[PDB]
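> When you get a sec, could you give me coordinates for this:
(chains A, B, C, D, E, F, G and H, ligands or ions: 15)
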Amino acid sequence: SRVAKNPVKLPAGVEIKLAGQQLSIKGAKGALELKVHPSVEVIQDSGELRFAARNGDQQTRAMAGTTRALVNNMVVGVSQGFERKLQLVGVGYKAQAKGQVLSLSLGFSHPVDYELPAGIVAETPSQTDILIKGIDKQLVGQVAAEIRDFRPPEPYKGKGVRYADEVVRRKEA
Amino acid sequence: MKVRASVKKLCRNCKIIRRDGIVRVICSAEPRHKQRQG
Amino acid sequence: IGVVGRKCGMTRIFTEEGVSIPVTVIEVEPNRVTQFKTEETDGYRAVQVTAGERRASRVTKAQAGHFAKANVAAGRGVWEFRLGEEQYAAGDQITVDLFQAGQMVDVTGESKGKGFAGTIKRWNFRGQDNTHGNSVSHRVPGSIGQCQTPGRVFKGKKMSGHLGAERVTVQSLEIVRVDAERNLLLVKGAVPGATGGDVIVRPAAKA
Amino acid sequence: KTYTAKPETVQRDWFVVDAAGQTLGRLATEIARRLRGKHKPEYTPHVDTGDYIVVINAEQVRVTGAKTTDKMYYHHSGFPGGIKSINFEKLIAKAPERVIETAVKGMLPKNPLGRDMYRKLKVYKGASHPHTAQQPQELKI
Amino acid sequence: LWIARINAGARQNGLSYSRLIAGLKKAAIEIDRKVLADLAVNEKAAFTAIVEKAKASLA
RNA sequence: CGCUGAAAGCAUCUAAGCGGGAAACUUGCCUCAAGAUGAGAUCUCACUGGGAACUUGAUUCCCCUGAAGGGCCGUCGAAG
RNA sequence: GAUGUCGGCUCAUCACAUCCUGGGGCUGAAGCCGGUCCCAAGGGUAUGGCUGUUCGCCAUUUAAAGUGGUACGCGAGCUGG
RNA sequence: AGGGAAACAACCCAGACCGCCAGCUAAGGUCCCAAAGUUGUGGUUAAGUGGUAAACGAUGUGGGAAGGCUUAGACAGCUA
Ligand SMILES: [Mg+2]
Ligand SMILES: [Mg+2]
Ligand SMILES: [Mg+2]
Ligand SMILES: [Mg+2]
Ligand SMILES: [Mg+2]
Ligand SMILES: [Mg+2]
Ligand SMILES: [Mg+2]
Ligand SMILES: [Mg+2]
Ligand SMILES: [Mg+2]
Ligand SMILES: [Mg+2]
Ligand SMILES: [Mg+2]
Ligand SMILES: [Mg+2]
Ligand SMILES: [Mg+2]
Ligand SMILES: [Mg+2]
Ligand SMILES: [Mg+2]
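Residues are numbered from 1 along each chain as shown, chains lettered A, B, ... in the order given. Ligands and ions are numbered 1, 2, ... in the order given. Now the structure:
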């Protein structure tokens, strides 16, 4: 079926400052989420939310599914904390987070000091584990990918920063 | 990548995608099945 | 900003260690400020600068009145420097006090003009033979272009003429010594132009 | 014999054009038509009889399709390999006024009358023009 | 030149040259281009009186 | 190389959107450059007398005046 | 009722189907090295023995000693092997 | 000869006795260079196709008639 037909069924604490063109979601555990949706849309106000297009084109049918999922991600962001579990594999690799500074040791001559953006705060329960907490899935994934890009995994040893996806390439020769 | 004139699937995991006007082929199992143009 | 002086020949100084430092001595008269071009009235921001010793019979009345707004009693030439942000009054004095040891600078000035130079001297071309049957052409340029379909000579072709006194700048020369008493700058390296000329000294932006 | 306009007895007016989303070509053709003077009964090809045109927004102009990231503007400097190019998106941020001028320049005669007609075009990238004394009248509302 | 002048004179009144000639040919006004371009410039009232009748011809 | 994301309840680097990205591109370093007839911009200096005919941006002519400065000429230049 | 033909020297300009440098994918790529294929023309891209030779084989390097067009560039610029 | 195909003895229209600052048409055109429709109605195409090009490859998109299962519970996904 089409995801645009399913409702959002927002949880208890949510505010919808909908100005028609610009939607905004406010709640506990992070707030100030807002998105300017495409013009060709219909948004109702009720205990749940439903999305429908006006022109039955090949574009708006996809825009409705995209915006429904974006609003669902915004609702989940202020109800559940997004996370990305990145694990370090390799001897001599460690991560030492100092507040808003995430310094990594990846075998380079100089220590990389990756500066996190506003909102996202990372925690390191171990030397080979990162927990990137945030409110927006897009920004959390972008920060996780940017941290990953310093040293991507290697198939012959697995020696590189990697996340929970266990489909890593493996070959030995 | 593998530049060709006829991109096609090679295993069950190959999915053909038209990315930015180019018919790409991405394989989740075998990186050798990745094909760029065709 | 920068400082306008005179090239006065090269010299050499010896440090205690033993190495020789080739030096170009630059005489700097104390420079007066003639204008302060603000942004609101001129667009860009710059400051005029002038050296002294020009006789009253050689300055026009327009220039005499121009040097009367600020009590300068100015002399030969007027130079202008573009600056980022620094206030200067109508009447000020710019000396060599803004320079220190190290402090790589850019030195401009009109180079020594060769009258009318050939291609071997201007563009470092290679000459033809001298004995193996060669005709009169020994140092003349050879071909110019291709046979049928350039249809012409391409613009920018390297040909002979006027290795001139056009402005040229040597980049990032380090200052060896600054004399606030004799008003001299010792620059490590060469300076364009002949001795007794005019030279502009500015901080190096290339670093 | 038929009547011909005289440059010493010609009437010219001032107009102001607001380009705030207008298509580049469909605006340039109207500007060129009114500059050459095809909107007057007393039109002559040999002498110029047209109205001054003022453009107040040379950066809000619109081009349809994928030509924002395309439509290179080529020109040669004269030196060998001196060919240079710049696209619509990069040129409209650098020099907004020359984007719309080149369209009208290519839509006038290539005679010295075309240069005279082009001098009556005065484009501006801001929102106001320094011709308040002339008091141009709004058109194409 | 006469066609261009007549078109310019007609567009100020609210018609086009192609429709103006058709409106004239629905009736038989039979005025040549030489003496329509002369009326377009000088006798603007007469040209307007021709154009309104061409509109009244509904063509 | 990607993140969110449907069309096609999953997946999906794209259709909307958000990133990283090489001596190439555009600045940044140097020189010429308002004949850029679109001829740009700041400072300063110089000129404050009459008469006639004919027509009236009013034009032409007679006398007196010639300033700011520029040129001529001469002594020359590591400029030619 | 005339467009001077091969090589050499001087002078270069243009295409990328790229030899080096630059950014990347796959690899039967442990590392050091490599093979293959996209993007990239900004700058570089050898001296000699032989032979009239371009080409080619040699000895010795270099990061590399690129492929073509330009009357198989260039004799109102030089030689006549 | 003339008009059109941007210019193009051989292609399309058409065969100049001369004069006109007269009108209607053919090929070919009617946004500006350039004379004439930003004319009216029903659709398709987003790549500058139009404005060069084959084998071959591709859930690009519009239309047409047949099919296989299905509220007795299909197709996806979630748990054994
Ligand atoms: Mg891309
Ligand atoms: Mg000299
Ligand atoms: Mg000799
Ligand atoms: Mg020759
Ligand atoms: Mg030619
Ligand atoms: Mg011409
Ligand atoms: Mg000026
Ligand atoms: Mg005087
Ligand atoms: Mg002859
Ligand atoms: Mg290539
Ligand atoms: Mg560069
Ligand atoms: Mg030859
Ligand atoms: Mg000779
Ligand atoms: Mg007709
Ligand atoms: Mg026309």
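> Excluding chain neighbours, what is closest to whatever residue of chain D ends up closest to chain C?
When distances are taken as C-beta to the nearest C-beta, chain D reaches nearest to chain C at residue D:80, 4.2 Å away. From N, CA and C alone the C-beta is placed, and that goes for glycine too. With sequence-adjacent residues excluded and distances taken as C-beta to C-beta, 6 or more residues apart in numbering or on different chains, residue D:80 is closest to residue C:154, at 4.2 Å.
> Report the contact partners of the residue sitting furthest away from the middle of chain E.
Of all residues in chain E, residue E:1 has its C-alpha farthest from the mean position, at 14.3 Å, by C-alpha atoms, centre = their mean. Residue E:1 is in contact with D:2, D:43, D:44, D:45, E:37, counting by C-beta atoms under 8 Å, 6 or more residues apart in numbering or on different chains.
> Give me the buried subset of the residues you listed.
Taking 16 or more other C-beta atoms under 10 Å in any protein chain shown as the criterion, what is buried in those is D:43, D:44, E:37.
> In helices only, show me those residues.
Under the assignment DSSP state H, those contribute residue E:37 to helices.
> want to throw the buried ones among the contacts of residue E:1 into JSON lines with distance to RNA strand G?
As requested, those are exported to JSON lines (distance: C-beta to the nearest atom of the strand, whole Å):
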{"residue": "D:43", "distance to RNA strand G": "45"}
{"residue": "D:44", "distance to RNA strand G": "46"}
{"residue": "E:37", "distance to RNA strand G": "53"}
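> Please identify which of the buried ones among the contacts of residue E:1 is nearest to residue D:106.
Minimum distance to residue D:106 across these is 21.1 Å, recorded for residue D:43 (C-beta to C-beta).
> The closest one reaches residue E:3, doesn't it?
No - using C-beta atoms under 8 Å, residue D:43 is not in contact with residue E:3; the gap is 10.8 Å.
> For chain D, which residues are neighbours of chain E?
Proximity of chain D to chain E, by C-beta under 8 Å from any C-beta of the partner chain, involves residues D:2, D:3, D:38, D:39, D:40, D:41, D:42, D:43, D:44, D:45.
> hmm, try it at 6 Å
D:3, D:38, D:39, D:40, D:41, D:42, D:43 (C-beta under 6 Å from any C-beta of the partner chain).
> could you flag which of those are buried?
Listed as buried from the residues of chain D next to chain E are D:39, D:40, D:41, D:42, D:43; burial here means 16+ other C-beta under 10 Å.
> so what's the second one closest to, chain neighbours aside?
Think residue D:40. Nearest one to residue D:40, counting by C-beta to C-beta, 6+ apart, is residue E:8 at 5.6 Å.
> Report the separation between the one you found and RNA strand G.
In this view, residue E:8 and RNA strand G are 47 Å apart by C-beta to the nearest atom of the strand, to the nearest Å.
> Residue C:175 belongs to a strand, doesn't it?
Yes - assessed by DSSP: H, G, I helix; E, B strand; the rest coil, residue C:175 belongs to a strand.
> where's the closest residue to it other than its chain neighbours, which helix or strand?
Setting aside the residues directly before and after it, residue C:175 is nearest to residue C:103 in space (C-beta to C-beta, 6+ apart), at 5.0 Å. In this structure, residue C:103 sits in strand C:102-108 according to DSSP states H and E.
> What of residue E:46?
Using DSSP H and E, residue E:46 sits within helix E:44-56.
> And that helix, what does it pack against?
helix E:17-26, helix E:34-41 (3 or more C-beta pairs under 6 Å, 6 or more residues apart in numbering or on different chains; DSSP states H and E).
> what pairs with residue C:4 across the strands?
Legend: beta-bridge partners of residue C:4 under DSSP bridges are residue C:200.
> so how far is RNA strand H from it?
In terms of C-beta to the nearest atom of the strand, residue C:4 sits 54 Å off from RNA strand H.
> surely the residue nearest to residue C:175 meets residue C:173?
No - using C-beta atoms under 6 Å as the test, residue C:103 is too far from residue C:173 to be in contact (9.7 Å).
> shared neighbours, the two?
Between them, residue C:103 and residue C:173 share no contacting residue under C-beta atoms under 6 Å, 6 or more residues apart in numbering or on different chains.
> Comparing these two, which shows the higher neighbour count?
The residue with more neighbours, out of residue C:103 and residue C:173, is residue C:173; 20 against 13, by other C-beta atoms under 10 Å in any protein chain shown.
> Please tell me how far the more buried one sits from RNA strand F.
With distances taken as C-beta to the nearest atom of the strand, residue C:173 is found 13 Å from RNA strand F.
> picking that back up, would you mind measuring from the residue farthest from the centre of chain E to residue E:21?
16 Å (C-beta to C-beta, to the nearest Å).
> Kindly report the same for residue D:30.
Relative to residue E:21, residue D:30 is positioned 24 Å away (C-beta to C-beta).
> Which one's more surrounded, the two?
A count of neighbours by other C-beta under 10 Å puts residue E:21 above the other of residue D:30 and residue E:21, at 20 against 17.
> OK, contacts around that one?
So residue E:21 contacts nothing (C-beta under 6 Å, 6+ apart).
> what's the answer for residue A:105, then?
When contacts are counted by C-beta under 6 Å, 6+ apart, residue A:105 is found next to A:93, A:94.
> Would you mind finding the most buried of the helices and strands packed on helix E:44-56?
Highest mean neighbour count of the helices and strands packed on helix E:44-56: helix E:34-41, a mean of 20 (counted as mean count of other C-beta atoms under 10 Å in any protein chain shown).
> wait, doesn't residue A:8 sit right on residue A:51?
No - using C-beta under 6 Å as the test, residue A:8 is too far from residue A:51 to be in contact (8.6 Å).
> of those two, who's got more company?
Between residue A:8 and residue A:51, counted using other C-beta under 10 Å, the more crowded position is residue A:51 (24 against 19).
> quick revisit: check which helices and strands the strand holding residue C:103 sits against.
strand C:170-179, strand C:199-203.
> where along chain A do the strands fall?
Using DSSP state E, the strands found in chain A span residues A:15-16, A:22-26, A:33-36, A:42-43, A:51-52, A:85-89, A:94-98, A:101-105, A:112-115, A:121-126, A:129-133, A:160-163.
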